[PDB]
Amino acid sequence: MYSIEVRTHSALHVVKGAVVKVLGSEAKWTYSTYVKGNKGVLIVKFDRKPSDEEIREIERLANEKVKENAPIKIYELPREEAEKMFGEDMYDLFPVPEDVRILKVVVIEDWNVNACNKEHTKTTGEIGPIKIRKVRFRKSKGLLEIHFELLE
């Protein structure tokens, strides 16, 4: 019972984790994301159009994580300490403004770690079913787009 957008924003972290499990470290860098209502889009740097099989697996794993109802942990830490603890992987391609010394790090254990200060659900179960609507690879930009939506 969080707003729909809070659930969708939380889904981005679950979807990213699935993307990395399926596609590997080559897709670990988020370029951008966007949420509107129950719809979201995750854009990561990648070098090819995933196969229908890979796409189906990303969706399955995302939903499996939701069903597990794992906790979505938030750690507030000095920026340099977070860097020592999590390394470069907690960041996306657009660096957090340099003046930010207090960082909030979102952790879904063994799934995804990301510096993000937005509101999130407390557990992955609160997100609800996730459906991948469209996947688009922009060869010229080296970016992979994953469009999805929440069933509630």
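The numbering used is simple: start at 1 and walk along the sequence shown.
- Of the two segments examined, 90-98 and 35-43, it is 90-98 that shows the higher average Cα temperature factor in the deposited entry.
- Judged by mean Cα B factor in the deposited record, 49-57 ranks above the other of 105-113 and 49-57.
- Ranked against the other modelled residues of its chain, the C-alpha B-factor of residue 65 as given in the entry falls in the middle third.
- Annotation for residue 138: CA B-factor lies in the highest third of the chain's modelled residues.
- When the modelled residues of the chain are ordered by C-alpha B-factor, residue 118 sits in the highest third.
- For residue 16, the recorded CA B-factor ranks within the lowest third of the chain. Only modelled residues enter the ranking.
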